[PDB]
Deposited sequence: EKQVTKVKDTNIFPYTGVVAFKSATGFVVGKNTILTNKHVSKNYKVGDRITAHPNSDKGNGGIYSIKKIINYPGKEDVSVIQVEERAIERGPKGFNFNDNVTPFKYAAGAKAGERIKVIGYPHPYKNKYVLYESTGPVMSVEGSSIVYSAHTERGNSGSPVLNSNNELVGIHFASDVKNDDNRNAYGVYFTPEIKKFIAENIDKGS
């Protein structure tokens, strides 16, 4: 069964793991490091900004500059984004990005029939950067592909796909018939871990 709900407060976990681009979503995976789709990252450049868990104009975890973009070498629609650690506009917990957000942890796996949740910014221009959460069942898990029946829209590109314990099963990339995400295989997890910013 499927449920879609506007999120009231984004400054609580798991919403504190999600970020907004102007046009799409991303989420935090490590030190100064976010994940989005390659079709999102190609529209941005070093110097462009992301906002940590905005709730329209009611408050957020800060504004951060993109300092590096690393596209997954395989065909999977995944991109790693590193941000400058010191915010352009401070969040409530100081200038440090890592003090204002919460990275997501990975689920051990996923299976057909399990309930997942997609959290992101659907039609962010129209909705004014309001977070929505959308739940539904996993239809199949095959290699780097996870298919689920949950409502998604434009703007949801780059949203985390979470299990019931707020752990990552994938990253959303395509709507509609079912929704498609990239399942975190060892090769993709290896790519992400290798490109998490070490810092200075």
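Trainee: What portions of the deposited sequence, indexed from 1, have no corresponding C-alpha atom in the structure?
Mentor: 177-182 is the sole stretch of the deposited chain that has no C-alpha coordinates in the structure.
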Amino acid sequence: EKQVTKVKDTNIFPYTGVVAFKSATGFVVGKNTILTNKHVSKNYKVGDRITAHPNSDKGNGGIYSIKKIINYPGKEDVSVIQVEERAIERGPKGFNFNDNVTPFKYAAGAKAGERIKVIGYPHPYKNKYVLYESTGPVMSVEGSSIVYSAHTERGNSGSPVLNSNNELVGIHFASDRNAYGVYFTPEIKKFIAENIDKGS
From here on, numbers count along this sequence of modelled residues.
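Trainee: Given the B-factors recorded for C-alpha atoms, which segment has the greater mean, 35-43 or 53-61?
Mentor: Higher mean C-alpha B-factor in the PDB entry: 53-61.
Trainee: Return whichever of 119-127 and 89-97 has the greater mean Cα B factor according to the PDB record.
Mentor: It is 89-97 that shows the higher mean C-alpha B-factor.
Trainee: Using only the C-alpha B-factors in the record, can you name which of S134, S144, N166, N156 has the highest?
Mentor: Among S134, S144, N166, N156, the highest C-alpha B-factor in the entry belongs to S144.
Trainee: Would you mind ranking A24 by its C-alpha B-factor against the rest of the chain and naming the third, lowest, middle or highest?
Mentor: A24: CA B-factor falls in the lowest third of its chain.
Trainee: Would you check the entry's CA temperature factor for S149 and let me know if it's in the chain's lowest, middle or highest third?
Mentor: Its C-alpha B-factor, which the entry lists for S149, ranks in the middle third among residues of this chain.
Trainee: Ordered by C-alpha B-factor within the chain, which third holds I12? Give me lowest, middle or highest, please.
Mentor: Its C-alpha B-factor belongs to the middle third of this chain's values.
Trainee: For the chain shown, is the CA B-factor of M139 in the lowest, middle or highest third of its modelled residues?
Mentor: For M139, whose C-alpha B-factor we compare with every modelled residue in the chain, the answer is the highest third.
Trainee: Consider only the C-alpha atoms of the modelled residues in this chain, order them by B-factor as the entry records it, and name the third containing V18: lowest, middle or highest.
Mentor: Answer is lowest: the recorded C-alpha B-factor places it there.
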